[PDB]
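Each remark here refers to the structure printed beneath this line.
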Amino acid sequence: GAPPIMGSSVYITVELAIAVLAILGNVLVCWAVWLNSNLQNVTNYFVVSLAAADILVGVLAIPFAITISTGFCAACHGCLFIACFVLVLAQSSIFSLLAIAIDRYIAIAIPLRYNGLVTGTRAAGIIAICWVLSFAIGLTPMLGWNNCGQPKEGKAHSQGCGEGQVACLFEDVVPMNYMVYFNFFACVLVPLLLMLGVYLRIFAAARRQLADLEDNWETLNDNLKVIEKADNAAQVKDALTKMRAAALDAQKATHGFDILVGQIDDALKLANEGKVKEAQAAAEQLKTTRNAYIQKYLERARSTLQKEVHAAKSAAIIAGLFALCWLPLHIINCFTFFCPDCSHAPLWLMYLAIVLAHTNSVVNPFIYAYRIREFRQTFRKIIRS
Ligand SMILES: CC(C)CCC[C@@H](C)[C@H]1CC[C@H]2[C@@H]3CC=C4C[C@@H](O)CC[C@]4(C)[C@H]3CC[C@]12C
Ligand SMILES: CC(C)CCC[C@@H](C)[C@H]1CC[C@H]2[C@@H]3CC=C4C[C@@H](O)CC[C@]4(C)[C@H]3CC[C@]12C
Ligand SMILES: CC(C)CCC[C@@H](C)[C@H]1CC[C@H]2[C@@H]3CC=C4C[C@@H](O)CC[C@]4(C)[C@H]3CC[C@]12C
Ligand SMILES: COc1ccc(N2CCOCC2)c2sc(NC(=O)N3CCC(C)(O)CC3)nc12
Ligand SMILES: CCCCCCCC/C=C/CCCCCCCC(=O)OC[C@H](O)CO
Ligand SMILES: CCCCCCCC/C=C\CCCCCCCC(=O)OC[C@H](O)CO
Ligand SMILES: CCCCCCCC/C=C\CCCCCCCC(=O)O
Ligand SMILES: CCCCCCCC/C=C\CCCCCCCC(=O)O
Ligand code: NA
């Protein structure tokens with residue numbers, strides 16, 4: 001058989017290439033948030049909490065993965081920490097991803113009291129609590145749910161491990177039922193589905209508001225084309241009482257309205273006196289008020305919704321890339337567990353799956369750089385100076 005040092009050289013160098021990209025790219029994220037005050041908000045705090053996980057992936061987790069690739073002798077609980085620490089960072093990433101989506105829902109759903117609800121110092125507390133839980137979840141094997149009780153003594157003596165030591169291998173110390181049932185199903189798969197459900201609600205609530213706003217603009221123009229051809233002298237009272245509610249229904253969304261509703265009740269009084277031809281003249285004052293004031297609100301509020309949807313889509317790419325990079329490893333675990341008769345995945349595909357999961361730590365800085373204008377210009381200034 002070919003020497004394992006040669007095949008490891010490709011894996012180790014590709015691993016070291018990723019760690020350099022992971023650290024550099026995400027230090028740039030934190031650096032941009034520490035400087036540009038316009039990026040300092042609750043959403044980007046979870047982003048920095050996310051980048052910090054990715055930095056630690058390159059600083060500690062990737063070096064660990066290289067060390068296990070050797071199969072070095074070590075005490076079981078020590079090896080158990082090397083093999084599990086990446087689960088802590090990966091769990092921290094999920095909590096950060098779920099926080100980002102929930103924050104975006106709160107902003108798109110109830111924007112009126114978002115500033116009072118989502119606080120800067122409350123996010124710091126949530127981030128802290130999520131990091132503590134991530135150590136608890138990721139280091140659960142160290143609490144007893146491990147295979148240190150039944151070591152492979154034959155593999156340990158084959159490689160000359162000392163007393164109380166074992167050949168360090170992820171599958172040899174971490175039980176596959178923890179990985180599939182506890183880690184993947186409950187602490188990875190369910191939160192991603194919940195995340196997916198939140199994003200469905202955001203895009204639905206966004207699409208509805210964008211419709212809800214235009215139905216007022218259609219009711220305001222259609223009723224403006226009904227008043228000037230009315231058989232009954234008080235028929236326009238129907239189209240004016242409905243426009244008063246439609247103007248207030250759009251005024252509750254987000255000076256020119258007091259001019260609009262003021263002209264509304266002016267033509268409404270002329271409908272209570274049967275003067276149809278004179279209210280029809282007063283009903284055309286609204287056309288001038290609409291073009292100068294109301295249409296601008298429609299366009300500003302349609303632009304703000306679009307900017308939130310775009311920011312909602314940008315965060316959704318991040319969570320989607322997370323699943324794309326980690327699912328292969330999780331599914332590989334699902335086959336080994338649920339099918340002891342199947343052929344176990346070769347070592348080259350494993351390394352491929354492992355490298356794929358580490359690459360997720362490099363793609364987050366390129367997304368903000370390509371999809372967020374404020375992040376992009378801050379990234380350039382840091383490098384230019
Ligand atoms: C501030 C940062 C860098 C601290 C990093 C701590 C890391 C590098 C330390 C903390 C605990 C350590 C482990 C504790 C126990 C053992 C068992 C021993 O037989 C082999 C080394 C091994 C597996 C250690 C490897 C290094 C280790 C994982
Ligand atoms: C949103 C999606 C990706 C959810 C994840 C789907 C996962 C959990 C599904 C999709 C394909 C499934 C695998 C398909 C094939 C086999 C081989 C069979 O002998 C045992 C079950 C096993 C190993 C399945 C385990 C569960 C599995 C990995
Ligand atoms: C989820 C999206 C990104 C697709 C990712 C591709 C992954 C999930 C696919 C591509 C190749 C697949 C592997 C091909 C070969 C084997 C050997 C077999 O005995 C068990 C299943 C296993 C280990 C498959 C697991 C799933 C697999 C790793
Ligand atoms: C998402 O789950 C994992 C996360 C992280 C790791 N790493 C730990 C640190 O070092 C790098 C790898 C691993 S390793 C792994 N499965 C594994 O080793 N198996 C033995 C061979 C097999 C074909 O039977 C399949 C099962 N799953 C994971
Ligand atoms: C805003 C920044 C906030 C930063 C907040 C960082 C706090 C992280 C602390 C986690 C400790 C919780 C660990 C819980 C589980 C530990 C189990 C364990 O480590 O057991 C090892 C044992 O000694 C082997 O024999
Ligand atoms: C900025 C700070 C960054 C800090 C970055 C730290 C990187 C640590 C990574 C791997 C160390 C793994 C340590 C374990 C590897 C050696 C264990 C060993 O050689 O064991 C011999 C055996 O016990 C004979 O019987
Ligand atoms: C900014 C800090 C960067 C830290 C980089 C650390 C580099 C670690 C890379 C490789 C270390 C691998 C250790 C050797 C594995 C065990 C070999 C053996 O004992 O047989
Ligand atoms: C290890 C499995 C998971 C363990 C879950 C139980 C521990 C976490 C449960 C609840 C913590 C909720 C955080 C409450 C912080 C109080 C904030 C405050 O002081 O206002
Ligand atoms: Na990550």
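Labels for the structure tokens follow display order: chains A, B, ..., residues from 1 in each chain, ligands from 1.
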- Message: Could you list the protein, DNA and RNA residues that have any atom within 8 Å of ligand 9, counting only C-alpha atoms and all ligand atoms, and write them as a PyMOL selection string?
- Response: chain A and resi 50-51+53-54+57+89-90+93+322+357-358+360-361
Listing only residues of chain A within 7 Å of ligand 7, what is the closest atom pair and its distance in Å (to one decimal) for each, using only C-alpha atoms and all ligand atoms, sorted by chain and residue number ascending, as CSV?
```
residue,atom,partner,partner_atom_place_in_ligand_line,distance
A:59,CA,ligand 7,3 (C),5.2
A:63,CA,ligand 7,8 (C),4.7
A:66,CA,ligand 7,12 (C),5.8
A:67,CA,ligand 7,15 (C),4.0
A:70,CA,ligand 7,20 (O),5.8
A:72,CA,ligand 7,20 (O),5.1
```
- Got a sec to check which residues lie within 10 Å of ligand 6, using only C-alpha atoms and all ligand atoms, and send them as JSON, numbers by chain? {"A": [56, 58, 59, 60, 61, 62, 63, 64, 65, 66, 67, 68, 70, 71, 72, 73, 74, 75, 78, 79, 82, 159, 160, 161, 162, 163, 164, 165, 166, 167, 168]}
Keeping only N, CA and C atoms, write the selected residues as an mmCIF file, in the first residue's frame.
```cif
data_model
loop_
_atom_site.group_PDB
_atom_site.id
_atom_site.type_symbol
_atom_site.label_atom_id
_atom_site.label_comp_id
_atom_site.auth_asym_id
_atom_site.auth_seq_id
_atom_site.Cartn_x
_atom_site.Cartn_y
_atom_site.Cartn_z
ATOM 1 N N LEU A 56 -11.980 30.524 15.391
ATOM 2 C CA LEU A 56 -11.568 29.404 16.231
ATOM 3 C C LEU A 56 -11.520 28.095 15.454
ATOM 4 N N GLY A 58 -10.302 27.899 12.429
ATOM 5 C CA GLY A 58 -8.980 27.923 11.833
ATOM 6 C C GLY A 58 -7.856 27.927 12.843
ATOM 7 N N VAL A 59 -8.096 28.478 14.031
ATOM 8 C CA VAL A 59 -7.042 28.559 15.037
ATOM 9 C C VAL A 59 -6.876 27.231 15.764
ATOM 10 N N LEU A 60 -7.978 26.562 16.099
ATOM 11 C CA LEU A 60 -7.923 25.366 16.935
ATOM 12 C C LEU A 60 -8.521 24.136 16.274
ATOM 13 N N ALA A 61 -9.716 24.251 15.689
ATOM 14 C CA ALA A 61 -10.421 23.068 15.203
ATOM 15 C C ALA A 61 -9.670 22.403 14.056
ATOM 16 N N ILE A 62 -9.246 23.181 13.058
ATOM 17 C CA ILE A 62 -8.492 22.603 11.938
ATOM 18 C C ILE A 62 -7.177 21.990 12.401
ATOM 19 N N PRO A 63 -6.363 22.643 13.250
ATOM 20 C CA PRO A 63 -5.206 21.927 13.819
ATOM 21 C C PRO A 63 -5.575 20.621 14.510
ATOM 22 N N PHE A 64 -6.713 20.569 15.207
ATOM 23 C CA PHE A 64 -7.139 19.319 15.830
ATOM 24 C C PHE A 64 -7.379 18.240 14.782
ATOM 25 N N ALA A 65 -8.107 18.585 13.714
ATOM 26 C CA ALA A 65 -8.425 17.608 12.676
ATOM 27 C C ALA A 65 -7.168 17.032 12.042
ATOM 28 N N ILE A 66 -6.111 17.839 11.932
ATOM 29 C CA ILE A 66 -4.843 17.338 11.418
ATOM 30 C C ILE A 66 -4.225 16.359 12.405
ATOM 31 N N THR A 67 -4.331 16.659 13.703
ATOM 32 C CA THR A 67 -3.710 15.815 14.718
ATOM 33 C C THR A 67 -4.371 14.442 14.780
ATOM 34 N N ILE A 68 -5.698 14.393 14.638
ATOM 35 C CA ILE A 68 -6.396 13.110 14.621
ATOM 36 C C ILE A 68 -6.042 12.323 13.366
ATOM 37 N N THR A 70 -3.300 11.786 12.178
ATOM 38 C CA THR A 70 -2.157 10.934 12.480
ATOM 39 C C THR A 70 -2.569 9.683 13.252
ATOM 40 N N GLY A 71 -3.578 9.789 14.114
ATOM 41 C CA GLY A 71 -3.933 8.683 14.981
ATOM 42 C C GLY A 71 -3.056 8.569 16.205
ATOM 43 N N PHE A 72 -2.548 9.696 16.702
ATOM 44 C CA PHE A 72 -1.591 9.703 17.799
ATOM 45 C C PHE A 72 -2.194 9.111 19.068
ATOM 46 N N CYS A 73 -1.335 8.510 19.884
ATOM 47 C CA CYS A 73 -1.769 7.973 21.163
ATOM 48 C C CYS A 73 -2.073 9.103 22.137
ATOM 49 N N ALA A 74 -3.095 8.901 22.963
ATOM 50 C CA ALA A 74 -3.497 9.892 23.953
ATOM 51 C C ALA A 74 -4.499 9.252 24.900
ATOM 52 N N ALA A 75 -4.649 9.863 26.073
ATOM 53 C CA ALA A 75 -5.720 9.474 26.976
ATOM 54 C C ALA A 75 -7.065 9.700 26.297
ATOM 55 N N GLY A 78 -8.774 13.178 26.787
ATOM 56 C CA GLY A 78 -8.053 14.185 26.026
ATOM 57 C C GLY A 78 -8.362 14.107 24.544
ATOM 58 N N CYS A 79 -8.235 12.908 23.970
ATOM 59 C CA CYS A 79 -8.637 12.695 22.585
ATOM 60 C C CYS A 79 -10.095 13.081 22.374
ATOM 61 N N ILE A 82 -10.345 16.764 21.692
ATOM 62 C CA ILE A 82 -9.859 17.110 20.358
ATOM 63 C C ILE A 82 -10.916 16.791 19.308
ATOM 64 N N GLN A 159 -0.076 0.190 17.939
ATOM 65 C CA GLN A 159 0.637 1.441 17.729
ATOM 66 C C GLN A 159 1.441 1.867 18.949
ATOM 67 N N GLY A 160 1.578 0.991 19.941
ATOM 68 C CA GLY A 160 2.436 1.250 21.080
ATOM 69 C C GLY A 160 2.001 2.411 21.949
ATOM 70 N N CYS A 161 0.716 2.472 22.272
ATOM 71 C CA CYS A 161 0.234 3.498 23.179
ATOM 72 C C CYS A 161 0.534 3.111 24.621
ATOM 73 N N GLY A 162 0.781 4.121 25.445
ATOM 74 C CA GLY A 162 1.063 3.902 26.844
ATOM 75 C C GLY A 162 -0.150 3.385 27.594
ATOM 76 N N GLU A 163 0.053 3.156 28.889
ATOM 77 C CA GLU A 163 -1.038 2.709 29.742
ATOM 78 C C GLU A 163 -2.112 3.786 29.821
ATOM 79 N N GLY A 164 -3.369 3.356 29.784
ATOM 80 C CA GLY A 164 -4.469 4.296 29.823
ATOM 81 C C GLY A 164 -4.624 5.157 28.592
ATOM 82 N N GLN A 165 -3.854 4.902 27.540
ATOM 83 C CA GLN A 165 -3.958 5.641 26.292
ATOM 84 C C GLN A 165 -4.612 4.778 25.222
ATOM 85 N N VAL A 166 -5.103 5.444 24.176
ATOM 86 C CA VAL A 166 -5.753 4.785 23.053
ATOM 87 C C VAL A 166 -5.343 5.483 21.765
ATOM 88 N N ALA A 167 -5.502 4.768 20.655
ATOM 89 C CA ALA A 167 -5.336 5.377 19.343
ATOM 90 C C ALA A 167 -6.453 6.388 19.123
ATOM 91 N N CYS A 168 -6.086 7.652 18.930
ATOM 92 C CA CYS A 168 -7.072 8.723 18.849
ATOM 93 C C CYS A 168 -7.730 8.706 17.475
#
```
- Task: Quick one: pick out all strand (DSSP E) residues within range 8-176 of chain A from a backbone DSSP run and write them as number ranges by chain.
- Result: A: 73-75, 165-167
Residue subset to file, keeping N, CA and C atoms, as a PDB file, in the first residue's frame:
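Written file, out.pdb:
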```pdb
ATOM      1  N   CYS A  73      -1.335   8.510  19.884  1.00  0.00           N
ATOM      2  CA  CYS A  73      -1.769   7.973  21.163  1.00  0.00           C
ATOM      3  C   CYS A  73      -2.073   9.103  22.137  1.00  0.00           C
ATOM      4  N   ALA A  74      -3.095   8.901  22.963  1.00  0.00           N
ATOM      5  CA  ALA A  74      -3.497   9.892  23.953  1.00  0.00           C
ATOM      6  C   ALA A  74      -4.499   9.252  24.900  1.00  0.00           C
ATOM      7  N   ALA A  75      -4.649   9.863  26.073  1.00  0.00           N
ATOM      8  CA  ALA A  75      -5.720   9.474  26.976  1.00  0.00           C
ATOM      9  C   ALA A  75      -7.065   9.700  26.297  1.00  0.00           C
ATOM     10  N   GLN A 165      -3.854   4.902  27.540  1.00  0.00           N
ATOM     11  CA  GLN A 165      -3.958   5.641  26.292  1.00  0.00           C
ATOM     12  C   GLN A 165      -4.612   4.778  25.222  1.00  0.00           C
ATOM     13  N   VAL A 166      -5.103   5.444  24.176  1.00  0.00           N
ATOM     14  CA  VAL A 166      -5.753   4.785  23.053  1.00  0.00           C
ATOM     15  C   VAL A 166      -5.343   5.483  21.765  1.00  0.00           C
ATOM     16  N   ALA A 167      -5.502   4.768  20.655  1.00  0.00           N
ATOM     17  CA  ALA A 167      -5.336   5.377  19.343  1.00  0.00           C
ATOM     18  C   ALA A 167      -6.453   6.388  19.123  1.00  0.00           C
TER      19      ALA A 167
END
```
- All alpha helix (DSSP H) positions in range 71-179 of chain A, as an NGL selection string: :A and (76-109 or 114-117 or 120-138 or 153-158 or 170-173 or 176-177)
- Item | A:314, A:183, A:219, A:241 ranked by distance to ligand 2, top pick (using only C-alpha atoms and all ligand atoms) |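 Checking each candidate against ligand 2, we get A:183 as the closest.
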- Query: Between A:330, A:376, A:277, A:307, which has the minimum distance to ligand 3 (counting only C-alpha atoms and all ligand atoms)?
  - Reply: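 The shortest atom-to-atom distance to ligand 3 comes from A:330.
Proximity ranking of A:25, A:120, A:125, A:1 relative to ligand 8 places A:125 first, based on only C-alpha atoms and all ligand atoms.
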- Item | Neighbourhood of ligand 8 at 8 Å, counting only C-alpha atoms and all ligand atoms, reported as a list in words |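 I would give the residues around ligand 8 as residues 125, 129, 133, 136, 137 and 140 of chain A.
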Return as a compact mmCIF listing (two decimals) with N, CA and C atoms, in the first residue's frame every polymer residue, whether protein, DNA or RNA, with at least one atom no more than 7 Å from an atom of ligand 2; count only C-alpha atoms and all ligand atoms.
```txt
# COMPACT_ATOMS: atom_id res chain seq x y z
N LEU A 189 -30.42 19.41 12.82
CA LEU A 189 -31.46 19.29 11.79
C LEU A 189 -32.72 20.04 12.18
N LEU A 327 -24.05 18.91 5.86
CA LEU A 327 -24.88 17.73 5.62
C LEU A 327 -24.10 16.52 5.12
N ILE A 331 -24.66 13.02 6.84
CA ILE A 331 -25.28 11.90 6.12
C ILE A 331 -24.34 10.70 6.09
N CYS A 334 -24.89 8.99 9.07
CA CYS A 334 -26.18 8.30 9.10
C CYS A 334 -26.11 6.94 8.42
N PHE A 335 -25.26 6.79 7.40
CA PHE A 335 -25.14 5.50 6.73
C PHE A 335 -24.40 4.49 7.59
N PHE A 338 -27.00 3.61 10.52
CA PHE A 338 -28.23 2.94 10.14
C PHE A 338 -28.02 1.74 9.22
N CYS A 339 -26.81 1.53 8.70
CA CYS A 339 -26.53 0.40 7.82
C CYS A 339 -25.15 -0.18 8.14
```
- Name each residue within 7 Å of ligand 3, counting only C-alpha atoms and all ligand atoms, as JSON, numbers by chain. {"A": [324, 325, 327, 328, 331, 332, 335, 342, 343, 344, 345]}
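The residue that comes closest to ligand 1, out of A:292, A:204, A:250, A:86 and on the basis of only C-alpha atoms and all ligand atoms, is A:86.
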